[PDB]
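Participant: got a sequence here, can you model it:
(chains A, B, C, D, E, F, G, H, I and J, ligands or ions: 16)
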Amino acid sequence: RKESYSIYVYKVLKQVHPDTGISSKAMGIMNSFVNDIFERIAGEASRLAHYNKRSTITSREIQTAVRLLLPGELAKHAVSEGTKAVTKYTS
Amino acid sequence: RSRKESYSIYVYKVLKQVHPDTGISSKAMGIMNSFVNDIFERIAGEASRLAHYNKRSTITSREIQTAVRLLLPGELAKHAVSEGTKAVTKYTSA
Amino acid sequence: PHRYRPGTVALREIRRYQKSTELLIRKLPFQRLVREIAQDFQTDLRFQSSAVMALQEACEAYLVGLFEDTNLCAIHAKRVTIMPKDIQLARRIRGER
Amino acid sequence: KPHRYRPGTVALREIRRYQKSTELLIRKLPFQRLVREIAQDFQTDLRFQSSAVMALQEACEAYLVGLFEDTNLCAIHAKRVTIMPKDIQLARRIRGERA
Amino acid sequence: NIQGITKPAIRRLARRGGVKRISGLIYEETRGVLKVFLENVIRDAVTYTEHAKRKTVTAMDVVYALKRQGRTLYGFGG
Amino acid sequence: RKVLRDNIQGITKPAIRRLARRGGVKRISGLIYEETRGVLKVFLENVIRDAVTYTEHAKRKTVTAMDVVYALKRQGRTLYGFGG
Amino acid sequence: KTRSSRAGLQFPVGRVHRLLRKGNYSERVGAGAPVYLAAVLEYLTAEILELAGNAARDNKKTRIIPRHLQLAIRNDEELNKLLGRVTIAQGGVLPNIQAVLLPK
Amino acid sequence: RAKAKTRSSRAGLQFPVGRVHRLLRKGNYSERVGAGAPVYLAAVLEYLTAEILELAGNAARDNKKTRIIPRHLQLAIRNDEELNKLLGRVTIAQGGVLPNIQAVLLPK
DNA sequence: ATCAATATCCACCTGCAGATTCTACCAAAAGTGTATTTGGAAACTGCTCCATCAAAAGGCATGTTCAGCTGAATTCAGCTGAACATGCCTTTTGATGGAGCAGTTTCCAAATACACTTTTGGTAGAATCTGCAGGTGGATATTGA
DNA sequence: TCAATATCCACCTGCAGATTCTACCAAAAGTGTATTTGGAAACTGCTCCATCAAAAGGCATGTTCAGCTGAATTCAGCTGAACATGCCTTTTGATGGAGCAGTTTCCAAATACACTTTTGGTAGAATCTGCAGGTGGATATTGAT
Ligand SMILES: [Cl-]
Ligand SMILES: [Cl-]
Ligand SMILES: [Cl-]
Ligand SMILES: [Cl-]
Ligand SMILES: [Mn+2]
Ligand SMILES: [Mn+2]
Ligand SMILES: [Mn+2]
Ligand SMILES: [Mn+2]
Ligand SMILES: [Mn+2]
Ligand SMILES: [Mn+2]
Ligand SMILES: [Mn+2]
Ligand SMILES: [Mn+2]
Ligand SMILES: [Mn+2]
Ligand SMILES: [Mn+2]
Ligand SMILES: [Mn+2]
Ligand SMILES: [Mn+2]
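Facilitator: Numbers count the residues shown, from 1 in each chain, chains lettered A, B, ... in the order given. Ligands and ions are numbered 1, 2, ... in the order given. Structure as follows:
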C-alpha cells in the first residue's frame, strides 16, 4: 500500500509534547518535510561521492551533506545527533 | 599519467558544419564543455526523476524526451525533440 | 450616519487576513479557470480534487508573496498605493520577467 | 578653457566602455588576499589552485554587476538616478537573498 | 474565466500580503500574472500526466511541477 | 608569513565604480562603497565556506577550481569555464 | 532487535536504508549512512514539532495544525532559511504591517 | 569479426553515443538504460551546441573576428530569448554583459 | 549656428602566443553468445471524478461621496562628478624548492547476494473529544463635535 | 473632552467531523552464509602552489570646485476607500454512473553480463596563423558662445 513517516512523526511528537496532538493535514506537512529533507541530503551525498569518485555513500557523505545543507546551529545539532546514533549503533 | 575526457572534438566538428571558416579559442571551448555537461545532467536528472516517479527501473528515449520537453523552452524543445526522434528511428533502422 | 476614514477598514482587513489561512479565491471560479488552461495542453482531462487544491494553494501563496514584494516596491517609491509598475519591478528583480 | 565635460557625460562614457569589454574590474592581487583572508578565518593551512581564485573572482564580479543592474532599477523606480544603499537592500530583499 | 478571479478576491490576497491601498489597474495586471503562473505549472503537470499515460491530473503531478518550478508545496504527497 | 587584515578595503572605490558602470549605473551615492564591500564579503564567505567544505571532504589541503564550481552550483550561481 | 532501537532512534532505519538503495544515489550504501540520515531526519522533526507545539500552546489549542507549523518555521531564523523556498499549505503568513502604513 | 560501426554513425550523429551511454550508466540515474536513451540524448546535446555555435559564430563575424571567444558566446545566449531562459541562471566567464543603458539616464 | 577640444572609430601592420594539425597509444566502445528481466499485452474491478439538479444565502457588482494620496512645480543646500597632481603598489617575468596531488599496487574490513524467519507497518472498521461557531455582555477604538 | 457607533474580547456551551483506538495479514526488515570488492595504507612520480627579486607605469588616493540632483514644501485634481443596495453565482449536498487508475499474468523484446577484438580519442609534439597592441589620421560628439 502507501507508506509514510506518520507513525514515526507521531512517536517523536509524544516525546517533545506528550499532551499535544496533530491534525492530519499537519501530518501531511511533516511527511512532505521529511521526504524533502531526505531528498536534499541524499542528493548532496550522491554528488559528494560522485565528485570524489566513490561508489558508496557512507555516514561521512551524509555528514558533509548535512553540513552543506543546514544552517549553522541546525547543522551542529544534526551532526551531533547523527554521530551519536552511529556510535551507539556500532556498540 | 592519466587522460581527461571532453567534448571538444565533437563541439569542433559541429562548429565546422555551421561555420566552416570559423575557429574557437580554448576558453570558449571550455565554456562549451560546461554547457554540454550541464544540460546532460539537467536532462538525465529529470529523466531519472521521471523514471522513479513512475516506478520504472529503466530510462528509455521516452524519458529523455519528456525531460527535454520539461527542460527546454518552446521552439528549442520542438526542434530538439525532432532531432532526438530522428536519430532514434534512424538508429533502430539498423 | 457613520463612516470609517479611508484606510481604516483597509488596515482592519490586513489584520483579519494575515491572521486567517482560508483560501481567498472563490473555489468554483478557480477550478473553472484551471480546466480551461489545461484543456489547451490536452483535451478531456480529469482532475483529482486534491490536485486542484494544491494549485490554488500554490497560486495563492505565490500571489500573496508577490503582493508583499510589490508593497515594498511601492513603499520604496514613497507611495502607499501599489501599481502595475510595482508588480512589474518585483517580477523583474525576482527573475520572472 | 580648460575644456570640461558636464557631470554625467564621462559616467555614460564609462558605462559604454565597460559594457563593451569583458575583463575583470577588481585588481587581482588585492582580490587574492581577500580570498585567503576569508578562507583562513574558516580553515588554516589552506592553499589555492590559481584557477580557483580566478573562478571566485569571475563569480563575484558577475554577481556584483548583476546586483547593480537591479539596484539601478530600484533607484530609477524611486524617480532617482543615484543608487543608494537602500536600493541595494530592496534588490537583495526581493531577490530573496538576505530578506 | 480569468475574469472569474474577482476584484474583491484579488483585494483579499493583497490584504494578506499587507497592502493598504490599491490602484485600479492592479486587478487586470494581477490576472495576467495569475494566468502565466497557472499556465507554467499546469503545462508541466499535464506533461507528467501524459507521461504516466494517464488522463487524470493527480496532486502528485502538481506537486512535482511545483517543485521543478521552484515553488515546492508541502501537504499533498511531498 | 605575514598576517592578513582589512583586505576588504582592497576592493577600492574605483573598482566598485567600474562594476556599477558595467551594471549600467550612472550616479553613485557616497555610502554605496561600504555597503558593496559588506555585500561582497557575505557572498565570498558563503562560496568559500562551501568550497572549503568540499576540499576537506576530499581530504585535500588545496582548494580546486572544481571545489569552487560545485560551491557556486549549489548556491544557484552556476559558472561555466573552469569545469576543466 | 531492530536497527532503529540499536541506534536508539524512533525513525525507521531499515526503511531509510531501503530508500537510499532504491533511490539511485550511489552504487553502494554504508551501514551507518541510514543510521546517521535517520538521526538527522528525527532531530529536525523534533525541532519543528517542539516549536509548533509551543505555537499551539500559545494559541490555547492542543492539536498542532498547519498554521502552527508555519508560525514555528517563519518565526525561527534557521528553519525559515532552510524552508525558504517551501510553502506550507493552509499555513497563512506572519502578521506584519509596514510601519508607514499605520495611521496618524 | 563484423564491420565495426559506431552507434553515432549508425545514428547519423557527430556526438559520441557510446560515451553518452556510459555516462548514463555510471551516473546513478536509473537501474537500467535503454539503447535509445543515449542516442536521443546525444542528438539533443548536439542540436543545442549547434544552435549556440551558429549564433556565436555570427556574433564573431559581426565583430570581424574568425575565432569564437567567450564574449561571442554571451552575445549569442543573451540575445536569444530561449537560450537566455535556458541559461538564465548561468554565468559565462569572460562574457561580460550586453550594452544596455536605461533611457532616463541619457542626456535630456 | 559655430567652432575647437577631445573622444572615438577605422583600417593598416606583424610577430607571438595560442590554435591546429600530426602521431602514438591504450582505455573504451564494439561484437557475440547467454541469462534475466522489463514492462507493455488484454480483461476486470472498485474507487472517485463528473454531470445533475436543487435552494440558499453569501458574496459580488453597482453607483455615491469625498478623504487624502499622488504627482506637478518650485527652490536650493550640498553631495558627488570631473580633472589634476602624486607616487604607491599591482603587474610582469622568471627561478626555486617542496608541499601534496595524483597515479599504481596491496589486501582486509565492509558491502552485496541469498534464502529463510520473524515482525512491523497498513488498512478497514470501533469509541471519542478538540474546537468551531454562537452567545449575551463588557470594554475598546474610532469619529464626529 | 464628550456621546455613540461599530469593533473586539471573553468565558461559556455542545454537537460533530476528524482523532485516537480495535483486531488481523503480507511486504518488509532482521538473520546466517558465502562472495566480492571498494578504497584506506604505502609509496613515489612530478605537477603546480608559495615566495622572492626587481623594475616600472597603470591606476588609486586626495583635493578642488561647482553643476545639477535629491529632498523638502505646496497644493489641488482625481483616484480609490467606505457604503449601502440589490441580485446573481458559488456552495453544499446526494446521487448515479461511467471513466479509469490499479492488478493479474504473460511472454516476446529488450537489457544486463561475460570475454575477448577492434579503434576512436587523449597526450604531447610539431606546425601554423588570428589578432593584440601600436599608430596615425578620418569622423563624431561635446560644450562654450
Ligand atoms: Cl503603473
Ligand atoms: Cl540609503
Ligand atoms: Cl557507513
Ligand atoms: Cl530506449
Ligand atoms: Mn552555416
Ligand atoms: Mn599616493
Ligand atoms: Mn612530500
Ligand atoms: Mn503492529
Ligand atoms: Mn471560537
Ligand atoms: Mn578493487
Ligand atoms: Mn551652489
Ligand atoms: Mn531633481
Ligand atoms: Mn479636496
Ligand atoms: Mn472502462
Ligand atoms: Mn584511428
Ligand atoms: Mn586592436
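Participant: residue contacts, the residue positioned nearest the centre of chain A?
Facilitator: The centroid of chain A falls nearest to residue A:38 when counting by Cα atoms, centre = their mean (5.7 Å). Shown in contact with residue A:38 (Cβ atoms under 8 Å, 6 or more residues apart in numbering or on different chains): G:16, G:19, G:37, G:41. Just so you know, the C-beta spots here come from the backbone N, C-alpha and C atoms, and that holds for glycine as well.
Participant: filter those down to the ones in helices?
Facilitator: G:16, G:19, G:37, G:41 (DSSP state H).
Participant: I figured the first one was touching residue G:39, is that so?
Facilitator: Put plainly, it is residue G:16. No: if you go by Cβ atoms under 8 Å, residue G:16 and residue G:39 don't touch, sitting 9.6 Å apart.
Participant: near chain A too, which of the ones in helices among the contacts of residue A:38?
Facilitator: G:16, G:19, G:37, G:41 (Cβ under 8 Å from any Cβ of the partner chain).
Participant: now the element after the longest helix along chain E, going C-ward?
Facilitator: Ordering each helix of chain E by length in residues (DSSP H) puts helix E:26-51 first. With elements assigned by DSSP states H and E, the helix or strand that comes after helix E:26-51 is strand E:56-57.
Participant: neighbouring strands of that next one in the sheet, and parallel or not?
Facilitator: Each strand paired with strand E:56-57, and its direction, by DSSP bridges: strand C:46-47 (parallel).
Participant: what parts of chain C come near DNA strand J?
Facilitator: Contact residues (Cβ under 7 Å from any atom of the strand) of chain C with DNA strand J: C:1-10, C:12, C:15, C:26-29, C:32, C:44, C:46, C:81, C:83.
Participant: number of residues surrounding whatever residue of chain A ends up closest to chain H?
Facilitator: Distance from chain H to each residue of chain A (Cβ to the nearest Cβ) is smallest for residue A:46, at 6.5 Å. A count of nearby residues for residue A:46, using other Cβ atoms under 10 Å in any protein chain shown, gives 21.
Participant: run a quick check on it versus residue G:25, I expect a contact.
Facilitator: Yes: between residue A:46 and residue G:25 there is a contact under Cβ under 8 Å: 4.0 Å.
Participant: overlap of the contact sets of these two?
Facilitator: A:57, H:28.
Participant: residue A:40: neighbouring residues, count only.
Facilitator: Residues near residue A:40, counting by other Cβ under 10 Å: 16.
Participant: now it. Nearest residue, chain neighbours left out?
Facilitator: Sequence neighbours aside, residue A:69 is the residue nearest to residue A:40 in space, at 5.6 Å (criterion: Cβ to Cβ, 6 or more residues apart in numbering or on different chains).
Participant: re the thing from before, among the residues of chain C next to DNA strand J, which ones are buried?
Facilitator: In the residues of chain C next to DNA strand J, burial by neighbour count holds for C:10, C:29, C:83, counting by 16 or more other Cβ atoms under 10 Å in any protein chain shown.
Participant: the second one contacts residue E:1, correct?
Facilitator: Which is residue C:29. Yes: taking contacts as Cβ under 8 Å, residue C:29 lies within contact range of residue E:1: 7.3 Å.
Participant: no further questions, thank you.
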